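A.B. asks: Quick one, final-v5.txt (compact mmCIF, N, CA and C atoms):
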```txt
# COMPACT_ATOMS: atom_id res chain seq x y z
N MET A 9 11.10 2.92 -28.89
CA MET A 9 10.83 1.57 -29.38
C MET A 9 9.34 1.28 -29.36
N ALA A 10 8.53 2.31 -29.60
CA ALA A 10 7.08 2.16 -29.61
C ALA A 10 6.59 1.68 -30.97
N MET A 11 6.87 2.47 -32.01
CA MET A 11 6.46 2.12 -33.36
C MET A 11 4.95 1.94 -33.44
N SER A 12 4.24 3.02 -33.74
CA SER A 12 2.79 2.99 -33.85
C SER A 12 2.32 3.58 -35.17
N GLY A 13 2.86 4.75 -35.51
CA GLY A 13 2.49 5.40 -36.75
C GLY A 13 3.24 6.70 -36.97
N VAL A 14 3.55 7.39 -35.88
CA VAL A 14 4.27 8.66 -35.95
C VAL A 14 5.53 8.52 -36.80
N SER A 15 5.61 9.31 -37.87
CA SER A 15 6.76 9.28 -38.76
C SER A 15 7.04 10.67 -39.33
N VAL A 16 8.32 10.95 -39.57
CA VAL A 16 8.73 12.24 -40.11
C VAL A 16 8.37 12.35 -41.59
N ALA A 17 7.59 13.38 -41.93
CA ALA A 17 7.18 13.60 -43.31
C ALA A 17 8.34 14.11 -44.15
N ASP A 18 8.21 13.98 -45.47
CA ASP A 18 9.25 14.42 -46.39
C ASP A 18 9.56 15.91 -46.18
N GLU A 19 8.51 16.69 -45.95
CA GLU A 19 8.67 18.13 -45.74
C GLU A 19 9.61 18.41 -44.57
N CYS A 20 9.47 17.63 -43.50
CA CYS A 20 10.30 17.79 -42.32
C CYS A 20 11.76 17.45 -42.63
N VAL A 21 11.96 16.34 -43.34
CA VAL A 21 13.31 15.91 -43.70
C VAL A 21 14.02 16.96 -44.54
N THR A 22 13.28 17.59 -45.45
CA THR A 22 13.84 18.62 -46.31
C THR A 22 14.15 19.89 -45.52
N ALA A 23 13.26 20.25 -44.61
CA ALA A 23 13.44 21.44 -43.79
C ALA A 23 14.71 21.34 -42.95
N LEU A 24 14.87 20.21 -42.27
CA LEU A 24 16.04 19.99 -41.43
C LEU A 24 17.30 19.83 -42.27
N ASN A 25 17.16 19.15 -43.41
CA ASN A 25 18.28 18.92 -44.31
C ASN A 25 18.90 20.25 -44.75
N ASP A 26 18.04 21.18 -45.16
CA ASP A 26 18.50 22.49 -45.61
C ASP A 26 18.98 23.33 -44.43
N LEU A 27 18.29 23.21 -43.30
CA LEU A 27 18.64 23.96 -42.10
C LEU A 27 20.07 23.66 -41.67
N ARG A 28 20.49 22.41 -41.85
CA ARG A 28 21.83 21.99 -41.49
C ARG A 28 22.88 22.74 -42.30
N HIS A 29 22.48 23.21 -43.48
CA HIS A 29 23.38 23.94 -44.36
C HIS A 29 23.26 25.45 -44.13
N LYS A 30 22.69 25.82 -42.98
CA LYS A 30 22.52 27.23 -42.64
C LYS A 30 21.60 27.92 -43.64
N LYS A 31 20.48 27.28 -43.95
CA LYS A 31 19.52 27.84 -44.90
C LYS A 31 18.74 28.99 -44.27
N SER A 32 18.58 28.93 -42.95
CA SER A 32 17.85 29.97 -42.23
C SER A 32 18.42 30.15 -40.82
N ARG A 33 18.06 29.23 -39.93
CA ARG A 33 18.53 29.29 -38.55
C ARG A 33 18.09 28.05 -37.77
N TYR A 34 16.79 27.96 -37.50
CA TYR A 34 16.24 26.82 -36.77
C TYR A 34 14.85 26.45 -37.29
N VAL A 35 14.47 25.19 -37.10
CA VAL A 35 13.17 24.71 -37.56
C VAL A 35 12.45 23.96 -36.44
N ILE A 36 11.20 24.32 -36.21
CA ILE A 36 10.40 23.68 -35.17
C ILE A 36 9.22 22.92 -35.78
N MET A 37 9.14 21.63 -35.48
CA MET A 37 8.06 20.79 -36.00
C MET A 37 7.37 20.04 -34.87
N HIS A 38 6.12 19.65 -35.10
CA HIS A 38 5.35 18.92 -34.10
C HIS A 38 4.68 17.70 -34.71
N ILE A 39 4.18 16.81 -33.86
CA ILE A 39 3.50 15.60 -34.33
C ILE A 39 2.03 15.87 -34.61
N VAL A 40 1.58 15.48 -35.80
CA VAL A 40 0.19 15.67 -36.19
C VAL A 40 -0.54 14.34 -36.32
N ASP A 41 -1.68 14.23 -35.65
CA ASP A 41 -2.47 13.01 -35.69
C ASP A 41 -1.69 11.83 -35.10
N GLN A 42 -0.62 12.14 -34.38
CA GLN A 42 0.21 11.11 -33.77
C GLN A 42 0.57 10.04 -34.78
N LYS A 43 0.71 10.44 -36.04
CA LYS A 43 1.06 9.51 -37.11
C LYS A 43 1.98 10.17 -38.13
N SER A 44 1.69 11.43 -38.46
CA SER A 44 2.50 12.17 -39.42
C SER A 44 2.99 13.48 -38.82
N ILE A 45 4.30 13.70 -38.88
CA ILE A 45 4.89 14.92 -38.34
C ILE A 45 4.79 16.07 -39.34
N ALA A 46 4.33 17.22 -38.86
CA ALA A 46 4.19 18.40 -39.71
C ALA A 46 4.84 19.62 -39.06
N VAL A 47 5.20 20.60 -39.89
CA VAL A 47 5.83 21.82 -39.40
C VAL A 47 4.80 22.76 -38.80
N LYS A 48 5.15 23.38 -37.67
CA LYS A 48 4.26 24.31 -37.00
C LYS A 48 4.71 25.75 -37.21
N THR A 49 6.02 25.98 -37.08
CA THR A 49 6.58 27.31 -37.25
C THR A 49 8.08 27.24 -37.50
N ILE A 50 8.52 27.79 -38.63
CA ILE A 50 9.94 27.79 -38.98
C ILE A 50 10.59 29.13 -38.63
N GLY A 51 11.86 29.08 -38.25
CA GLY A 51 12.58 30.29 -37.89
C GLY A 51 13.25 30.93 -39.09
N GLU A 52 14.39 31.58 -38.85
CA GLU A 52 15.13 32.25 -39.91
C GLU A 52 16.39 32.90 -39.37
N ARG A 53 16.31 33.41 -38.14
CA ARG A 53 17.44 34.06 -37.51
C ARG A 53 17.13 34.41 -36.05
N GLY A 54 15.88 34.80 -35.80
CA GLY A 54 15.48 35.16 -34.46
C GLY A 54 14.02 35.57 -34.38
N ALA A 55 13.12 34.61 -34.54
CA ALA A 55 11.69 34.88 -34.49
C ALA A 55 11.32 35.66 -33.23
N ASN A 56 10.18 36.34 -33.28
CA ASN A 56 9.72 37.12 -32.14
C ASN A 56 9.26 36.22 -31.00
N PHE A 57 9.38 36.71 -29.77
CA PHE A 57 8.97 35.95 -28.60
C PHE A 57 7.46 35.72 -28.59
N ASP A 58 6.72 36.70 -29.10
CA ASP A 58 5.27 36.61 -29.16
C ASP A 58 4.83 35.51 -30.12
N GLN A 59 5.42 35.50 -31.31
CA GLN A 59 5.09 34.50 -32.32
C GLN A 59 5.67 33.14 -31.95
N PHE A 60 6.87 33.15 -31.37
CA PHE A 60 7.54 31.92 -30.98
C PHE A 60 6.72 31.17 -29.93
N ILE A 61 6.30 31.88 -28.89
CA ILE A 61 5.52 31.29 -27.82
C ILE A 61 4.10 30.97 -28.29
N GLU A 62 3.54 31.86 -29.10
CA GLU A 62 2.19 31.67 -29.62
C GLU A 62 2.09 30.38 -30.43
N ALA A 63 3.13 30.10 -31.22
CA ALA A 63 3.16 28.90 -32.04
C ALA A 63 3.47 27.66 -31.19
N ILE A 64 4.55 27.73 -30.43
CA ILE A 64 4.95 26.61 -29.58
C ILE A 64 3.94 26.39 -28.46
N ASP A 65 3.72 25.13 -28.11
CA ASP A 65 2.78 24.77 -27.06
C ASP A 65 3.39 23.76 -26.10
N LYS A 66 3.65 24.20 -24.87
CA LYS A 66 4.24 23.33 -23.86
C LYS A 66 3.26 22.23 -23.46
N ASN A 67 3.32 21.11 -24.17
CA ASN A 67 2.45 19.97 -23.89
C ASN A 67 2.74 18.81 -24.84
N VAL A 68 2.35 18.98 -26.10
CA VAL A 68 2.56 17.95 -27.11
C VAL A 68 4.05 17.80 -27.44
N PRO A 69 4.44 16.61 -27.90
CA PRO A 69 5.83 16.32 -28.27
C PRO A 69 6.27 17.06 -29.52
N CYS A 70 7.24 17.95 -29.37
CA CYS A 70 7.75 18.73 -30.49
C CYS A 70 9.28 18.71 -30.51
N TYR A 71 9.85 18.93 -31.69
CA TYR A 71 11.30 18.94 -31.85
C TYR A 71 11.76 20.20 -32.57
N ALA A 72 12.75 20.88 -32.00
CA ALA A 72 13.29 22.10 -32.59
C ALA A 72 14.80 21.99 -32.79
N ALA A 73 15.24 22.19 -34.03
CA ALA A 73 16.66 22.12 -34.35
C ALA A 73 17.23 23.51 -34.61
N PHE A 74 18.36 23.81 -33.99
CA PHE A 74 19.01 25.10 -34.15
C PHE A 74 20.45 24.93 -34.63
N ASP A 75 20.79 25.62 -35.71
CA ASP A 75 22.14 25.54 -36.27
C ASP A 75 22.99 26.72 -35.80
N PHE A 76 24.13 26.41 -35.19
CA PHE A 76 25.03 27.44 -34.69
C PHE A 76 26.48 27.12 -35.04
N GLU A 77 27.19 28.11 -35.56
CA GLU A 77 28.59 27.93 -35.94
C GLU A 77 29.52 28.20 -34.75
N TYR A 78 30.63 27.48 -34.71
CA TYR A 78 31.60 27.64 -33.63
C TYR A 78 33.02 27.43 -34.14
N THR A 79 34.00 27.63 -33.26
CA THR A 79 35.40 27.47 -33.62
C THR A 79 36.06 26.39 -32.77
N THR A 80 35.43 25.22 -32.70
CA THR A 80 35.96 24.11 -31.91
C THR A 80 37.10 23.42 -32.65
N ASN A 81 36.94 23.25 -33.95
CA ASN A 81 37.96 22.60 -34.77
C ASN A 81 39.10 23.57 -35.08
N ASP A 82 38.76 24.84 -35.28
CA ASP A 82 39.75 25.86 -35.58
C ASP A 82 39.09 27.20 -35.84
N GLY A 83 37.98 27.18 -36.58
CA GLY A 83 37.27 28.41 -36.89
C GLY A 83 35.96 28.15 -37.60
N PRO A 84 36.03 27.89 -38.92
CA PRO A 84 34.85 27.62 -39.74
C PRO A 84 34.21 26.28 -39.41
N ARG A 85 33.54 26.21 -38.26
CA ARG A 85 32.88 24.99 -37.83
C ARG A 85 31.38 25.21 -37.65
N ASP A 86 30.60 24.17 -37.88
CA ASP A 86 29.15 24.25 -37.74
C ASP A 86 28.61 23.08 -36.92
N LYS A 87 27.72 23.38 -35.98
CA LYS A 87 27.13 22.35 -35.14
C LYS A 87 25.64 22.60 -34.93
N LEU A 88 24.83 21.58 -35.16
CA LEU A 88 23.39 21.69 -34.99
C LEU A 88 22.92 20.91 -33.76
N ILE A 89 22.01 21.51 -33.00
CA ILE A 89 21.48 20.88 -31.80
C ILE A 89 19.99 20.58 -31.95
N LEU A 90 19.54 19.52 -31.31
CA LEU A 90 18.13 19.12 -31.37
C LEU A 90 17.53 19.05 -29.97
N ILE A 91 16.50 19.86 -29.73
CA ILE A 91 15.83 19.88 -28.44
C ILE A 91 14.40 19.36 -28.55
N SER A 92 14.09 18.33 -27.78
CA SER A 92 12.76 17.74 -27.79
C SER A 92 11.94 18.21 -26.59
N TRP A 93 10.67 18.50 -26.82
CA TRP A 93 9.78 18.97 -25.76
C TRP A 93 8.91 17.83 -25.25
N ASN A 94 8.98 17.57 -23.95
CA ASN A 94 8.19 16.51 -23.33
C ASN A 94 8.33 16.53 -21.82
N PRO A 95 7.51 17.36 -21.16
CA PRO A 95 7.53 17.50 -19.70
C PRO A 95 6.99 16.26 -19.00
N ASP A 96 7.72 15.79 -17.99
CA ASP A 96 7.32 14.61 -17.23
C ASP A 96 5.94 14.81 -16.61
N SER A 97 5.57 16.06 -16.40
CA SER A 97 4.27 16.38 -15.81
C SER A 97 3.26 16.77 -16.88
N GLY A 98 3.61 16.49 -18.13
CA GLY A 98 2.72 16.81 -19.24
C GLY A 98 1.63 15.77 -19.42
N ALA A 99 1.70 15.03 -20.52
CA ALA A 99 0.71 14.00 -20.81
C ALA A 99 1.37 12.66 -21.09
N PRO A 100 0.60 11.57 -20.96
CA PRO A 100 1.09 10.21 -21.19
C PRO A 100 1.39 9.95 -22.67
N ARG A 101 0.45 10.31 -23.53
CA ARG A 101 0.60 10.11 -24.96
C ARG A 101 1.76 10.94 -25.51
N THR A 102 1.93 12.14 -24.94
CA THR A 102 3.00 13.03 -25.37
C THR A 102 4.37 12.43 -25.09
N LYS A 103 4.54 11.88 -23.89
CA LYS A 103 5.80 11.27 -23.50
C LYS A 103 6.06 10.00 -24.30
N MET A 104 5.00 9.26 -24.59
CA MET A 104 5.11 8.02 -25.35
C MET A 104 5.43 8.31 -26.81
N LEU A 105 4.71 9.26 -27.40
CA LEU A 105 4.92 9.63 -28.80
C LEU A 105 6.37 10.02 -29.04
N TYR A 106 7.02 10.56 -28.01
CA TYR A 106 8.41 10.98 -28.11
C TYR A 106 9.31 9.80 -28.49
N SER A 107 9.06 8.65 -27.87
CA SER A 107 9.84 7.45 -28.14
C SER A 107 9.46 6.84 -29.48
N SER A 108 8.17 6.93 -29.81
CA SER A 108 7.67 6.38 -31.07
C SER A 108 8.23 7.15 -32.26
N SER A 109 8.57 8.41 -32.03
CA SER A 109 9.11 9.26 -33.08
C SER A 109 10.63 9.35 -32.99
N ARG A 110 11.16 9.14 -31.79
CA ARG A 110 12.60 9.19 -31.56
C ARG A 110 13.33 8.20 -32.46
N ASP A 111 12.74 7.02 -32.63
CA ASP A 111 13.33 5.98 -33.46
C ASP A 111 13.49 6.46 -34.90
N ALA A 112 12.46 7.14 -35.41
CA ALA A 112 12.49 7.66 -36.77
C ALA A 112 13.30 8.94 -36.86
N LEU A 113 13.44 9.63 -35.72
CA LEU A 113 14.20 10.87 -35.67
C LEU A 113 15.69 10.60 -35.51
N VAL A 114 16.01 9.42 -35.00
CA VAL A 114 17.40 9.03 -34.79
C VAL A 114 18.20 9.13 -36.09
N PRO A 115 17.72 8.44 -37.13
CA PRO A 115 18.37 8.44 -38.45
C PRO A 115 18.25 9.79 -39.15
N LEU A 116 17.13 10.46 -38.95
CA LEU A 116 16.89 11.76 -39.56
C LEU A 116 17.86 12.81 -39.02
N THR A 117 17.99 12.85 -37.69
CA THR A 117 18.88 13.80 -37.04
C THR A 117 20.23 13.17 -36.73
N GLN A 118 20.94 12.75 -37.77
CA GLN A 118 22.24 12.13 -37.61
C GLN A 118 23.34 13.18 -37.48
N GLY A 119 24.08 13.13 -36.38
CA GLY A 119 25.15 14.09 -36.16
C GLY A 119 24.69 15.30 -35.38
N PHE A 120 23.56 15.17 -34.69
CA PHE A 120 23.01 16.27 -33.90
C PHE A 120 22.69 15.81 -32.48
N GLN A 121 23.14 16.58 -31.50
CA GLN A 121 22.90 16.25 -30.10
C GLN A 121 21.42 16.39 -29.76
N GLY A 122 20.74 15.26 -29.63
CA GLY A 122 19.32 15.28 -29.30
C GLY A 122 19.07 15.07 -27.82
N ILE A 123 18.48 16.08 -27.18
CA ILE A 123 18.18 16.00 -25.76
C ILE A 123 16.74 16.41 -25.47
N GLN A 124 16.08 15.68 -24.58
CA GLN A 124 14.70 15.98 -24.22
C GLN A 124 14.63 16.79 -22.93
N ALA A 125 14.12 18.01 -23.03
CA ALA A 125 13.99 18.88 -21.87
C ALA A 125 12.78 19.79 -21.99
N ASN A 126 11.95 19.80 -20.95
CA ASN A 126 10.75 20.63 -20.94
C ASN A 126 10.99 21.93 -20.19
N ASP A 127 10.14 22.92 -20.45
CA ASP A 127 10.26 24.22 -19.80
C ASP A 127 11.57 24.90 -20.17
N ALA A 128 11.95 25.91 -19.40
CA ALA A 128 13.19 26.64 -19.65
C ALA A 128 14.37 25.70 -19.75
N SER A 129 14.26 24.54 -19.10
CA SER A 129 15.33 23.55 -19.11
C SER A 129 15.63 23.09 -20.54
N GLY A 130 14.64 23.22 -21.41
CA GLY A 130 14.81 22.82 -22.79
C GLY A 130 15.24 23.97 -23.68
N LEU A 131 14.94 25.19 -23.26
CA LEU A 131 15.30 26.38 -24.02
C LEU A 131 16.48 27.11 -23.38
N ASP A 132 17.28 26.37 -22.62
CA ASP A 132 18.44 26.95 -21.95
C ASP A 132 19.58 27.16 -22.93
N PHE A 133 19.71 28.38 -23.43
CA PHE A 133 20.76 28.71 -24.39
C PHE A 133 22.13 28.29 -23.85
N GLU A 134 22.33 28.47 -22.55
CA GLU A 134 23.59 28.10 -21.92
C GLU A 134 23.86 26.61 -22.06
N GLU A 135 22.80 25.81 -21.97
CA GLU A 135 22.92 24.36 -22.08
C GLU A 135 23.31 23.96 -23.50
N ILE A 136 22.76 24.67 -24.48
CA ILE A 136 23.04 24.38 -25.88
C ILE A 136 24.49 24.72 -26.22
N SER A 137 24.93 25.90 -25.80
CA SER A 137 26.30 26.34 -26.07
C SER A 137 27.31 25.46 -25.35
N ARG A 138 26.96 25.05 -24.13
CA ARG A 138 27.83 24.20 -23.33
C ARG A 138 27.93 22.80 -23.93
N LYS A 139 26.82 22.31 -24.46
CA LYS A 139 26.78 20.98 -25.07
C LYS A 139 27.61 20.95 -26.35
N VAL A 140 27.40 21.93 -27.21
CA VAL A 140 28.13 22.01 -28.47
C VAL A 140 29.60 22.32 -28.24
N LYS A 141 29.87 23.17 -27.25
CA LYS A 141 31.24 23.55 -26.92
C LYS A 141 32.02 22.35 -26.39
N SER A 142 31.33 21.47 -25.68
CA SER A 142 31.96 20.28 -25.11
C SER A 142 32.02 19.16 -26.14
N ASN A 143 31.01 19.09 -27.00
CA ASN A 143 30.95 18.06 -28.03
C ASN A 143 30.87 16.67 -27.42
N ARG A 144 29.87 16.47 -26.56
CA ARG A 144 29.68 15.18 -25.90
C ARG A 144 28.21 14.77 -25.93
```
Would you mind writing the structure in this file as structure tokens?
C.D. replies:
Amino acid sequence: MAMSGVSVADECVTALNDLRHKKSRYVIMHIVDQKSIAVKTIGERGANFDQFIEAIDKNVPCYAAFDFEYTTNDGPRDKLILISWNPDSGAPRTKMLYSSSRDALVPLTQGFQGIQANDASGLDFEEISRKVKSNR
């Protein structure tokens, strides 16, 4: 409920929109100029750890969406998860920007479990599978 300037760019909306249809795999975007959100590094199936870490930066507020199929309904099911980066021990502007963008990300990421977790706590594959498997 900050509302300052941070807003999701058209490019981001299109990237996530297509990603939801299993266009690649996952998409990672970050906030630029704390006003306009831009893409930093897009996935496809399983980017390298070197490039993944090199691109990602544990500090600024970033959002990564991953599309994974499951058999919760019966078989041919698809569920996308949204993980936000924002360590409590990070920065003040970073934690604030998260809320300023969360409002605009709410409508953008409709139907996706959005959770904020920093460090391994945010990249916990087990947490993602457990969340989607539970559907809560």
A.B. asks: Going by DSSP on the backbone, which residues of segment 44-117 of chain A come out as strand (DSSP E or B)? List them as a VMD selection string.
C.D. replies: chain A and resid 44 to 50 70 to 78 85 to 93
A.B. asks: Export N, CA and C atoms of the chosen residues as a PDB file, in the frame of the given file?
C.D. replies:
```pdb
ATOM      1  N   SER A  44       1.690  11.430 -38.460  1.00  0.00           N
ATOM      2  CA  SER A  44       2.500  12.170 -39.420  1.00  0.00           C
ATOM      3  C   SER A  44       2.990  13.480 -38.820  1.00  0.00           C
ATOM      4  N   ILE A  45       4.300  13.700 -38.880  1.00  0.00           N
ATOM      5  CA  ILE A  45       4.890  14.920 -38.340  1.00  0.00           C
ATOM      6  C   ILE A  45       4.790  16.070 -39.340  1.00  0.00           C
ATOM      7  N   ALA A  46       4.330  17.220 -38.860  1.00  0.00           N
ATOM      8  CA  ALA A  46       4.190  18.400 -39.710  1.00  0.00           C
ATOM      9  C   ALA A  46       4.840  19.620 -39.060  1.00  0.00           C
ATOM     10  N   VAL A  47       5.200  20.600 -39.890  1.00  0.00           N
ATOM     11  CA  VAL A  47       5.830  21.820 -39.400  1.00  0.00           C
ATOM     12  C   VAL A  47       4.800  22.760 -38.800  1.00  0.00           C
ATOM     13  N   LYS A  48       5.150  23.380 -37.670  1.00  0.00           N
ATOM     14  CA  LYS A  48       4.260  24.310 -37.000  1.00  0.00           C
ATOM     15  C   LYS A  48       4.710  25.750 -37.210  1.00  0.00           C
ATOM     16  N   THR A  49       6.020  25.980 -37.080  1.00  0.00           N
ATOM     17  CA  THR A  49       6.580  27.310 -37.250  1.00  0.00           C
ATOM     18  C   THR A  49       8.080  27.240 -37.500  1.00  0.00           C
ATOM     19  N   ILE A  50       8.520  27.790 -38.630  1.00  0.00           N
ATOM     20  CA  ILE A  50       9.940  27.790 -38.980  1.00  0.00           C
ATOM     21  C   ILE A  50      10.590  29.130 -38.630  1.00  0.00           C
ATOM     22  N   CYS A  70       7.240  17.950 -29.370  1.00  0.00           N
ATOM     23  CA  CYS A  70       7.750  18.730 -30.490  1.00  0.00           C
ATOM     24  C   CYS A  70       9.280  18.710 -30.510  1.00  0.00           C
ATOM     25  N   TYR A  71       9.850  18.930 -31.690  1.00  0.00           N
ATOM     26  CA  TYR A  71      11.300  18.940 -31.850  1.00  0.00           C
ATOM     27  C   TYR A  71      11.760  20.200 -32.570  1.00  0.00           C
ATOM     28  N   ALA A  72      12.750  20.880 -32.000  1.00  0.00           N
ATOM     29  CA  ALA A  72      13.290  22.100 -32.590  1.00  0.00           C
ATOM     30  C   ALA A  72      14.800  21.990 -32.790  1.00  0.00           C
ATOM     31  N   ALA A  73      15.240  22.190 -34.030  1.00  0.00           N
ATOM     32  CA  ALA A  73      16.660  22.120 -34.350  1.00  0.00           C
ATOM     33  C   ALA A  73      17.230  23.510 -34.610  1.00  0.00           C
ATOM     34  N   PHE A  74      18.360  23.810 -33.990  1.00  0.00           N
ATOM     35  CA  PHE A  74      19.010  25.100 -34.150  1.00  0.00           C
ATOM     36  C   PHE A  74      20.450  24.930 -34.630  1.00  0.00           C
ATOM     37  N   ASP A  75      20.790  25.620 -35.710  1.00  0.00           N
ATOM     38  CA  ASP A  75      22.140  25.540 -36.270  1.00  0.00           C
ATOM     39  C   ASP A  75      22.990  26.720 -35.800  1.00  0.00           C
ATOM     40  N   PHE A  76      24.130  26.410 -35.190  1.00  0.00           N
ATOM     41  CA  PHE A  76      25.030  27.440 -34.690  1.00  0.00           C
ATOM     42  C   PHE A  76      26.480  27.120 -35.040  1.00  0.00           C
ATOM     43  N   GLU A  77      27.190  28.110 -35.560  1.00  0.00           N
ATOM     44  CA  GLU A  77      28.590  27.930 -35.940  1.00  0.00           C
ATOM     45  C   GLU A  77      29.520  28.200 -34.750  1.00  0.00           C
ATOM     46  N   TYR A  78      30.630  27.480 -34.710  1.00  0.00           N
ATOM     47  CA  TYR A  78      31.600  27.640 -33.630  1.00  0.00           C
ATOM     48  C   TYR A  78      33.020  27.430 -34.140  1.00  0.00           C
ATOM     49  N   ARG A  85      33.540  26.210 -38.260  1.00  0.00           N
ATOM     50  CA  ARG A  85      32.880  24.990 -37.830  1.00  0.00           C
ATOM     51  C   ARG A  85      31.380  25.210 -37.650  1.00  0.00           C
ATOM     52  N   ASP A  86      30.600  24.170 -37.880  1.00  0.00           N
ATOM     53  CA  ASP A  86      29.150  24.250 -37.740  1.00  0.00           C
ATOM     54  C   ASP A  86      28.610  23.080 -36.920  1.00  0.00           C
ATOM     55  N   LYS A  87      27.720  23.380 -35.980  1.00  0.00           N
ATOM     56  CA  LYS A  87      27.130  22.350 -35.140  1.00  0.00           C
ATOM     57  C   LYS A  87      25.640  22.600 -34.930  1.00  0.00           C
ATOM     58  N   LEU A  88      24.830  21.580 -35.160  1.00  0.00           N
ATOM     59  CA  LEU A  88      23.390  21.690 -34.990  1.00  0.00           C
ATOM     60  C   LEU A  88      22.920  20.910 -33.760  1.00  0.00           C
ATOM     61  N   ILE A  89      22.010  21.510 -33.000  1.00  0.00           N
ATOM     62  CA  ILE A  89      21.480  20.880 -31.800  1.00  0.00           C
ATOM     63  C   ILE A  89      19.990  20.580 -31.950  1.00  0.00           C
ATOM     64  N   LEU A  90      19.540  19.520 -31.310  1.00  0.00           N
ATOM     65  CA  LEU A  90      18.130  19.120 -31.370  1.00  0.00           C
ATOM     66  C   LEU A  90      17.530  19.050 -29.970  1.00  0.00           C
ATOM     67  N   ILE A  91      16.500  19.860 -29.730  1.00  0.00           N
ATOM     68  CA  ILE A  91      15.830  19.880 -28.440  1.00  0.00           C
ATOM     69  C   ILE A  91      14.400  19.360 -28.550  1.00  0.00           C
ATOM     70  N   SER A  92      14.090  18.330 -27.780  1.00  0.00           N
ATOM     71  CA  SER A  92      12.760  17.740 -27.790  1.00  0.00           C
ATOM     72  C   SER A  92      11.940  18.210 -26.590  1.00  0.00           C
ATOM     73  N   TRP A  93      10.670  18.500 -26.820  1.00  0.00           N
ATOM     74  CA  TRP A  93       9.780  18.970 -25.760  1.00  0.00           C
ATOM     75  C   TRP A  93       8.910  17.830 -25.250  1.00  0.00           C
TER      76      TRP A  93
END
```
A.B. asks: Do you know which residues are at most 8 Å from residue 52 of chain A counting only N, CA and C atoms, after dropping those on the same chain fewer than 2 positions away, and could you put them as a ChimeraX atom specification?
C.D. replies: /A:31-35,49-50,54-55
A.B. asks: Which residue, A:38, A:141, A:30, A:110, has the smallest gap to residue 68 of chain A when you use all atoms listed in the file?
C.D. replies: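 Closest candidate: A:38.
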A.B. asks: To one decimal place, how far is atom C of residue 66 of chain A from atom N of residue 127 of chain A in Å?
C.D. replies: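 Value for the atom C of residue 66 of chain A-atom N of residue 127 of chain A distance: 7.5 Å.
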A.B. asks: Counting only C-alpha atoms, write as a ChimeraX atom specification all protein and nucleic acid residues lying at most 8 Å from (14.8, 22.0, -41.0) in the file's frame.
C.D. replies: /A:20-28,34-36,50,73
A.B. asks: Which polymer residues, protein or nucleic acid, are no farther than 8 Å from (15.3, 18.7, -28.1), counting all atoms listed in the file, as a PyMOL selection string?
C.D. replies: chain A and resi 70-73+89-94+121-126+130
A.B. asks: State, in Å with one decimal place, the distance from atom CA of residue 12 of chain A to atom CA of residue 62 of chain A.
C.D. replies: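 Straight-line distance from atom CA of residue 12 of chain A to atom CA of residue 62 of chain A works out to 29.0 Å.
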A.B. asks: Work out how far apart atom CA of residue 118 of chain A and atom CA of residue 45 of chain A are and give it in Å to one decimal.
C.D. replies: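 Between atom CA of residue 118 of chain A and atom CA of residue 45 of chain A the gap is 17.6 Å.
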A.B. asks: Please give the centre and size of the box around segment 114-129 of chain A (axis-aligned, containing every atom listed in the file, 8 Å added per side), with values in Å to one decimal and written as JSON.
C.D. replies:
```
{"center_x": 17.6, "center_y": 17.5, "center_z": -29.3, "size_x": 31.0, "size_y": 34.2, "size_z": 36.5}
```
A.B. asks: Running DSSP on the backbone, which parts of segment 58-112 of chain A land in helix (DSSP H, G or I), as number ranges by chain?
C.D. replies: A: 58-63, 100-112
